[PDB]
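Novice: just need the structure, nothing else, for what follows:
(chains A, B, C, D and E, ligands or ions: 10)
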Amino acid sequence: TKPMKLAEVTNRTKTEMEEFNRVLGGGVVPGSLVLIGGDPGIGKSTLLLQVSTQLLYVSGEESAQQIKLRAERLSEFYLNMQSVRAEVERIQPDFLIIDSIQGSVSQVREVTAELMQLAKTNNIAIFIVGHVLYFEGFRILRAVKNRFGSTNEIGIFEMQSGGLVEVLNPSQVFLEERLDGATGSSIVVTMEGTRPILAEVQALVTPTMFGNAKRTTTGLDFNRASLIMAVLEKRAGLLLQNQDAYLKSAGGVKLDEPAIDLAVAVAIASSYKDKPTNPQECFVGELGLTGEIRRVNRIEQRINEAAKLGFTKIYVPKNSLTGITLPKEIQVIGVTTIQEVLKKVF
Amino acid sequence: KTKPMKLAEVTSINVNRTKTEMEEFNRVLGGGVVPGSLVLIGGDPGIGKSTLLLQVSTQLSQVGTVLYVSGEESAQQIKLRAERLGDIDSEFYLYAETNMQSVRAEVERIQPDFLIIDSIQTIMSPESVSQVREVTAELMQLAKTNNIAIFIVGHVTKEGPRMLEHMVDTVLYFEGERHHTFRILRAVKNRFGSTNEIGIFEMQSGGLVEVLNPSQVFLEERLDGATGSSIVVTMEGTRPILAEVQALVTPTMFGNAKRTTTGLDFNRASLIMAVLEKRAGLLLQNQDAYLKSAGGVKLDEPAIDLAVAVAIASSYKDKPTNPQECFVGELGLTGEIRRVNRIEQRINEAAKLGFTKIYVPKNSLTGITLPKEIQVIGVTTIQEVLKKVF
Amino acid sequence: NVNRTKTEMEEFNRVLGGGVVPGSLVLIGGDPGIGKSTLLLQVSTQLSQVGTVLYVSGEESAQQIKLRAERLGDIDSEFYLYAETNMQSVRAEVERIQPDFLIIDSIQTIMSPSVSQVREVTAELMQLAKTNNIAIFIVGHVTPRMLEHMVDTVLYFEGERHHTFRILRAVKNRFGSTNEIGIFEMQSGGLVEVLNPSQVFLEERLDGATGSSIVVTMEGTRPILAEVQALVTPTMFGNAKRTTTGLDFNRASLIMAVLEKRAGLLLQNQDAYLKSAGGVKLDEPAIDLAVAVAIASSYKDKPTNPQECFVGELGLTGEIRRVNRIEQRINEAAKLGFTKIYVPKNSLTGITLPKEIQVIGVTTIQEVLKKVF
Amino acid sequence: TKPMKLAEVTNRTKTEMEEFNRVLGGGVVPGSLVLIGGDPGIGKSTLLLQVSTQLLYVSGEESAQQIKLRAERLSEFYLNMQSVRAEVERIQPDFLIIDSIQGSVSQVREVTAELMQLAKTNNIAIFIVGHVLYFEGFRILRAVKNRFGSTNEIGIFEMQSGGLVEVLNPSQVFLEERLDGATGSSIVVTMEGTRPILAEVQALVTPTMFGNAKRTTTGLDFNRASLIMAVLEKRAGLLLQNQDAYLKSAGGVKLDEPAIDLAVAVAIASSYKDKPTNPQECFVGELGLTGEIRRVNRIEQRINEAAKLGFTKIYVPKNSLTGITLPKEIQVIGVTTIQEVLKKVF
Amino acid sequence: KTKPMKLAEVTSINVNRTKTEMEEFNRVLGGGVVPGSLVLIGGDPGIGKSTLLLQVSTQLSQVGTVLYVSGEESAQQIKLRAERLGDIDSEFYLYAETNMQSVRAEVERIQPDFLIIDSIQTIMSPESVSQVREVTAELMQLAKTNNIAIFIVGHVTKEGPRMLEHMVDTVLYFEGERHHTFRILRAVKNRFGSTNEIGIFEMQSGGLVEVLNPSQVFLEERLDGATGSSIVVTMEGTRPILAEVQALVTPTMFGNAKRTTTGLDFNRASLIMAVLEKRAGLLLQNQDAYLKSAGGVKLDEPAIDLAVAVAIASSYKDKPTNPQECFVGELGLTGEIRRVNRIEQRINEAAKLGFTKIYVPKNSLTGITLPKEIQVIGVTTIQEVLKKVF
Ligand SMILES: Cc1cn([C@H]2C[C@H](O)[C@@H](COP(=O)(O)OP(=O)(O)O)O2)c(=O)[nH]c1=O
Ligand SMILES: Cc1cn([C@H]2C[C@H](O)[C@@H](COP(=O)(O)OP(=O)(O)O)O2)c(=O)[nH]c1=O
Ligand SMILES: Cc1cn([C@H]2C[C@H](O)[C@@H](COP(=O)(O)OP(=O)(O)O)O2)c(=O)[nH]c1=O
Ligand SMILES: Cc1cn([C@H]2C[C@H](O)[C@@H](COP(=O)(O)OP(=O)(O)O)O2)c(=O)[nH]c1=O
Ligand SMILES: Cc1cn([C@H]2C[C@H](O)[C@@H](COP(=O)(O)OP(=O)(O)O)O2)c(=O)[nH]c1=O
Ligand SMILES: [Mg+2]
Ligand SMILES: [Mg+2]
Ligand SMILES: [Mg+2]
Ligand SMILES: [Mg+2]
Ligand SMILES: [Mg+2]
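Specialist: Numbering: from 1, shown residues only, chains lettered A, B, ... in the order given. Ligands and ions are numbered 1, 2, ... in the order given. Find the structure here:
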């Protein structure tokens, strides 16, 4: 390209899989190199076979007969680089898939350089498998580097007996898991670096029978929980002095971020009170020792992620909202104190 | 070229700088963008260096000619971003290409007053990591061939931005922690200005919004009858981080008095309480204490002692502290407020974030010039401080 | 048989072993921000009064240095400033002006066909000191230890977080002693020398401040000087408390047992809080005596002298055992303006003692506490 | 050399320093390369200046005038390699010293290869300094690799105001340190890998005043000490139940070897009993839970090292002595039970 | 050279081996020294590989011709050592030189039946670490050119002996822990013998003295009324280490019953005691327990459970165990004695060190051939064991 004025800047092949299209930023662009990365066993061959049967598949990893058995469960689909190049000029295929690019590993860098120049010689879309998209564990496909789209885009799949089944409403995973009015469960939109993870905090508050009141956490910092309880007793007015408390992060998610405080406070209160929370409402906020609900980082991302996963309410810190556009699919409730929240929730 | 010259005959700078609508960004560069200069913006990925440079560029395109070079994002991607940020009916040129030879050719053609390289890591040349040091050397010589201002972006990686700091004209760092919603732009090295200058910005849905008057954020963040909150100007190496200590002192009901900290060393707090009881006279023997560093900031430096002593006392006493006053000082076991390192930097940083008082150790002030925007109170004992504060 | 150039700064002269030797390479090392540029600008404005100075650096601009250097000294004298980087352009100006003193403000910021190559530039600088017979100063920001073996004098400008002293020490000196130190304090103007350091230790101490004592400990080979703090107070509750910060808890526990069983202090029913001032970790046998004296001082409510310090491992029989590097510790104490130092008596066998400090060899803890209180 | 029958295999320059001679295996051999290693500041220049004034000294590290000031406190002593080689042929010196051999560091390997060939061209002894002998902290000089002697040889020095003073009786270091009949001190010949270190164990047994009996160690494993006390109470009959115990390894030596058990038991008993041990007697032995004194590794080395440092008795495990020659300067007492030892000692 | 051959027509070995006076060393090599073969002796520095090879060489010089090549020690040094060890009025040649080209020339000249390389690390050649693999390859071809037995020494280093194990004829390991006064020589790989063979030696003032009858060492090491001692055949990776567990059970006097371990995991011992109380019926609630692994051997393997249960019971009961019986087995919380890995190796190792009984888990024995020198008792429950033992 040549430099170009910004006042003068502005189509793709879609698949039946809505999620896979969003990740590529609309669909498959005809002249690029797309790399799918992930651990072996995850389903990069399975995902590419499914995209291919919808849209020349080259594999050294599995045999021709093996792929036929796989791909029927899941038209002009055709199954070293010098012997490959000859077939690219002959059939002239719009889409080329290399199942496993894998001193071959030193030569891997030199093969992919020659594949990017091959995308220009014959204007074709080429998929490369690396044992930039990353397929990692439900199953998620995320765009790490995208030249023809946004990197914040995600595609959720679940591997079943047939192959990969796309996931539209991931709110229903927590909703199926919710029992008939089960207390002491709450939801937080936490962060694993930049990825917003959505997680369930669990509490079992029960009166102590003997001597010292027990406190036990799994997945949350113990001392963080200890302070939360002091703030609930001193600010919210819950008599937790003589109550045992067991706390758990469902999944074995480590929850080590200030934003999880409010969800843990609400979980405990829910168990103490024996009043359930809504399974489509979630909570985000650091809790100060004065009862205040302090600001948190990346609030816009958290609200976005909650809405997308089918949540209806989200309690956020009120100060965090200054000049942020809120999505129409989710009720954002800014709160300022813990008392205010527990009043609203119970 | 420049010549060896006697210092008495060294003439004062008579530059022509280019200002942007962002008052803060100008102060940092020491007045504005100096033409024929190399400015490096460092910081973690995601903070908003591209966003800040796109905003600066859309403003500079109104008076000069901008060439924005990005290998990192595509041309179409940037157009979607930059329309939210500003106006681009002006001479703002975009070039999504990575080889310096192909860039050089376009610099001679359009002759742009301002050049931006979005990610030096993503610019190649013959002879993506080692070769960054050689590209920036060629960029400094390019600033003199055409007399243009050039901005360089340096993402701070786990391993292999701090390497180029000694060979560029201005070094800026864009940093903004998980605990603060606000991002700060600081000048680490400035050849055309002061290094104590800072620019506060808050990333909003549109892009980065400047925070002129930050004293209003701390006042909004405090509740009505706040108590047991205090502020310390701590240090994360050389970066002065400003942090809130929280204390909940409440009488014990049970047998043993509880002590629980999060973010502060437990034993450090234990000693502080002993010094408050034995020197200041607070009956804390039968009081539970919960202590928290707001934000999840680890506070592991002697200077935090006074702020924690004041926090506790504030909760014990049920008397609030001022939200625009902060405290710096190691506390000795005799009640003394001992000296701390980098006092001048801490007082500077407090003043810039809109603080009105700062309690410092009295011994630390020997021959230090104090900024006129902040009241520096040197103290010697903990009793003295608590008398002053409550 | 040598003719050195002195500066008005007595301390900086002692470090170089009398003054600036002409035709020599002196490397100043340290962290960034300590004041190597500031110290060299101050020496340069003084040396410009007798010789001819050429100050080179690309780290800061010419105009920036003028604003700094007017606060620091006088500039009506032959002081030349050259904000260049590459060498070949420098060499040409050395032959022209023929300057007696050359300063390179960051060797990291100089190129010749900018860290690996740094070794080759300093080799060419040492041969340049013979071609023109000039004194040359090299600055090495510590991120400097690579050039230490190939230069004439190696200075390190050091400053721990607890002391606002900024000490200049000679690591390797071809024209002087390596024991020499120069104490400075950075003030608003620039670096102010500290000629009587004895007066600083006598501001950091309050009036009735008991339980403070001083130890000359070691951070590898660097003798660090540190303050141990104790608060002994009667227990109110059931169990007597013991809490340390910066000292090993179990080490302190034994010290108290020895003070109760040997020295006769009733500490059983006393709470004890101990702290190493500064956040210095004190993990060396030599700190035992200072901690014992600290505790006793707080217990007894009798202060120690602020210009006396204590060195010695304390045995469980009350004995004050030998410690390593005793000659270095006595030397460092003396240089920081201390008047007494209690050392183990056995450590003194055939060691020459400096005339500026009273070295007291002790054998038991009872003996020490008798002497001290 | 050519291969040679063993039935057909069989002089040096000595210095006034008996210790330095032993290390080199008799004295300085005229045609070899001796490397002295150690940390900077230790005294390798000081030791070589002292050997040289007794026996061409080449230094880039210090100036000529600096060395003259040093060497007078401490005859035909004369003070890059091409300029050096020319002076070796001229003066023809029997002994050559290179003060600091220190991309010079890559070239250091190539210079020392040329120095070993220089030892043959002109049959001379050459000393090399490396910032195989190792000088490490009293101060010790040990032979790591010796072609003309034993590697177990050691030379003890003490740096004083003049320079390095040799140490003949290191028993007198512990003897000066011993007070007038001080109880609860004992000596062990332990091992730091293969180096036999000689160390002092200290005990303060004193009756408990309140509630629980205290146990505190520094330098010894706490649990090891705990077991020792159980064995002393159950086998030896010491009523330690109601006694506090403070234990210390003098020097900050870590003592983490089974052989230290007996010394610790004797230390405790000495403090309990208020009866001192002899300062020239030492103890070696693992203590079993039945009271037995079990065998230990490297017994011959330990007895050797004790004797050399001027010890008069050594209590060892009786089983360890099977077919071992005992040095005439030290009384080796083989013991079998802890009761037997305490009977003998007190 | 050798040829592809049908297994029915593969003829049995008809070698001529050379025996030494050391019965143990012969067994290890599978009868004696095979001519035209490469034997590697591995082990930590200081164990006595040079000492063992000097002793073998002084014995082999009586029937063949030995060439001992050492770069590590000098010729004069070896003469002082080797006179204490044996007789050298015989054809024993010593060559203190390190380059293989200079060695080869002397092999063709003297034509020695036995060649010893003292430290392969200290032998050089063109093209001291990488090049060891190429020297040993040239040494195996040298064994066929002249038909000689060659011994190679491999010191086991922190980092960079186990590398050559796959490319030599016999692999021996000389190992002897800080806790045992005795050193053991084991065959890891043997082309001319069994790998289960072992040679026990004790280093004495002269040199290495063989330990034929080791059953006498364990009996001398036990006191008269020993009690609370038991023996386990544990594993340090693949090396079967044989270890002594010690227990002192004694009634509590104070409030809380004490439990203290050294060398065993505390919690593992705690469970064992619970299983002894609940299944075996020992009243340990009010008994203190001190447990020790003799030697400072870390015992962190499930197989040690039974030995620790037997130790405790022996001390509780005040009834000794036999010093020539040992125990192997994980103990389940139901009192069951569960299976363990490498049972055949453990039974072998016990037998070789002169043990007469070994209690093993009964399930582990399915189709395993048992050595005739040791009584293998398969057990199923802890009650069963204690019944048998006491
Ligand atoms: C399509 C398909 C795959 N599989 C199995 C076979 C594969 O080895 C396994 C993993 O899928 P695959 O896509 O081969 O993993 P990757 O390419 O990421 O290494 O799933 C089924 O069991 N049933 C199916 O229908
Ligand atoms: C300008 C803008 C950026 N963003 C996102 C896209 C960017 O990838 C992300 C981070 O900003 P960016 O400036 O790209 O970060 P870096 O410091 O790494 O250059 O913010 C929005 O969501 N909305 C916006 O209006
Ligand atoms: C001389 C002087 C310096 N300074 C500042 C400017 C310098 O950049 C800073 C640090 O000193 P500097 O000597 O540049 O540190 P170094 O060269 O060791 O890295 O001190 C003042 O604030 N006031 C002054 O009067
Ligand atoms: C000989 C001697 C040395 N010294 C000092 C100067 C040296 O820098 C220091 C260390 O000795 P040196 O032998 O130079 O150490 P090394 O060669 O091992 O690095 O001892 C004295 O103070 N007095 C003396 O009489
Ligand atoms: C033969 C013998 C060796 N030794 C010593 C010298 C040796 O360096 C040391 C260790 O034996 P050595 O066989 O050299 O060990 P390695 O396994 O490393 O070859 O034992 C004696 O003290 N006395 C002796 O009679
Ligand atoms: Mg696959
Ligand atoms: Mg960016
Ligand atoms: Mg500077
Ligand atoms: Mg030296
Ligand atoms: Mg050997």
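
Novice: how does chain A divide into domains?
Specialist: The record's domain parsing of chain A by curated CATH domains lists A:1-169, A:170-346.

Novice: that's a helix at residue A:302, yeah?
Specialist: Yes: counting by DSSP: H, G, I helix; E, B strand; the rest coil, residue A:302 is found in a helix.

Novice: just to revisit the earlier point, just tell me which of the domains of chain A ends up closest to residue C:128.
Specialist: Set against residue C:128 and scored by Cβ to Cβ, those come closest in domain A:1-169, at 45.4 Å. Bear in mind the C-beta positions are built from the backbone N, C-alpha and C, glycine included.

Novice: outside of the longest helix along chain A itself, list whatever touches it.
Specialist: For chain A, the longest helix by residue count, based on DSSP state H, is helix A:104-121. Residues outside helix A:104-121 that contact it (Cβ atoms under 8 Å, 6 or more residues apart in numbering or on different chains) are A:31-33, A:81, A:85, A:88, A:98, A:101-102, A:124-126, A:128.

Novice: pull out the buried positions in it.
Specialist: Of the residues in helix A:104-121, those buried by neighbour count under the rule 16 or more other Cβ atoms under 10 Å in any protein chain shown are A:112, A:115, A:118-119.

Novice: now swap in stretch A:321-332 and tell me
Specialist: For stretch A:321-332, burial by neighbour count (16+ other Cβ under 10 Å) applies to A:321, A:326, A:330, A:332.

Novice: residues contacting residue A:305?
Specialist: A:189, A:196, A:198.

Novice: looking at the residues you listed, which are in strands?
Specialist: Mapping these onto strands (DSSP state E) picks out A:189, A:196, A:198.

Novice: still on that earlier bit, ok, the buried residues of helix A:104-121 vs chain D, which is closest?
Specialist: Closest approach between the buried residues of helix A:104-121 and chain D, by Cβ to the nearest Cβ: residue A:112, at 36.7 Å.

Novice: list just the nearest of the ones in strands among the contacts of residue A:305 to ligand 2.
Specialist: Using Cβ to the nearest ligand atom, residue A:196 comes nearest to ligand 2 of these, at 13.0 Å.

Novice: quick check: the closest one touching residue A:189?
Specialist: Yes: counting by Cβ atoms under 8 Å, residue A:196 does reach residue A:189; the two are 5.7 Å apart.

Novice: okay, and the common contacts of the two?
Specialist: By Cβ under 8 Å, 6+ apart, residue A:196 and residue A:189 have these common neighbours: A:302, A:305.

Novice: circling back: reformat the ones in strands among the contacts of residue A:305 as CSV; add distance to chain C.
Specialist: As requested, those are exported to CSV (distance: Cβ to the nearest Cβ, whole Å):
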residue, distance to chain C
A:189, 38
A:196, 37
A:198, 41
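
Novice: nearest to ligand 4 among those?
Specialist: Closest to ligand 4 out of these is residue A:196 (58.1 Å), distances taken as Cβ to the nearest ligand atom.

Novice: who are the contact partners of residue A:226?
Specialist: A:215, B:260, B:290.

Novice: now it, what's its secondary structure?
Specialist: helix.

Novice: what number of residues lie near the residue of the stretch 51-200 of chain A found nearest ligand 3?
Specialist: Closest to ligand 3 within the stretch 51-200 of chain A is residue A:193: 34.3 Å, counting by Cβ to the nearest ligand atom. The number of residues packed near residue A:193 is 7, by other Cβ atoms under 10 Å in any protein chain shown.

Novice: check residue A:251 too.
Specialist: Residues within reach of residue A:251, counting by other Cβ under 10 Å, total 11.

Novice: for PyMOL, what selects the buried ones among the contacts of residue A:305?
Specialist: Selecting the buried subset of these in PyMOL, with 16+ other Cβ under 10 Å as the burial test, is done by:
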select buried, chain A and resi 189+196+198
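
Novice: contact partners for whatever residue of the stretch 201-346 of chain A ends up closest to ligand 2?
Specialist: Across the stretch 201-346 of chain A, no residue is closer to ligand 2 than residue A:300, which sits at 7.6 Å (Cβ to the nearest ligand atom). Residues counted as contacts of residue A:300 (Cβ under 8 Å, 6+ apart) are A:324, B:205.

Novice: if we use 6 Å, what do you get?
Specialist: residue A:324 (Cβ atoms under 6 Å, 6 or more residues apart in numbering or on different chains).

Novice: hang on, the earlier thing: how about the ones in strands among the contacts of residue A:305 in JSON lines, adding distance to ligand 5?
Specialist: Compiled in JSON lines, those are given as follows (distance: Cβ to the nearest ligand atom, whole Å):
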{"residue": "A:189", "distance to ligand 5": "63"}
{"residue": "A:196", "distance to ligand 5": "60"}
{"residue": "A:198", "distance to ligand 5": "62"}
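
Novice: just after the helix or strand that residue A:264 is a member of, pick out the following helix or strand.
Specialist: Per DSSP states H and E: residue A:264 is located in helix A:261-273. Sequence order places strand A:281-283 as the next helix or strand after helix A:261-273, per DSSP H and E.

Novice: how far does that next one sit from the chain's center?
Specialist: Taking the mean of its C-alpha atoms, strand A:281-283 sits 17 Å from the chain's own mean (Cα atoms, centre = their mean, to the nearest Å).

Novice: for that strand, packing partners?
Specialist: Counting contacts by 3 or more Cβ pairs under 6 Å, 6 or more residues apart in numbering or on different chains; DSSP states H and E, strand A:281-283 packs against helix A:261-273, strand A:313-317.

Novice: and the contacts of that strand?
Specialist: Strand A:281-283 is contacted from outside by A:187, A:189, A:262-263, A:266, A:306, A:311, A:313-315, using Cβ under 6 Å, 6+ apart.

Novice: which of those residues lies closest to ligand 1?
Specialist: Ligand 1 lies nearest to residue A:189 out of the contacts of strand A:281-283, by Cβ to the nearest ligand atom, at 29.1 Å.

Novice: that closest one: what's it in contact with?
Specialist: Residue A:189 makes contacts with A:196, A:198, A:282, A:284, A:302, A:305-306, as judged by Cβ under 6 Å, 6+ apart.

Novice: repeat that with 8 Å
Specialist: Counting by Cβ under 8 Å, 6+ apart, residue A:189 makes contact with A:196-198, A:259, A:282, A:284, A:302-303, A:305-306, A:314.
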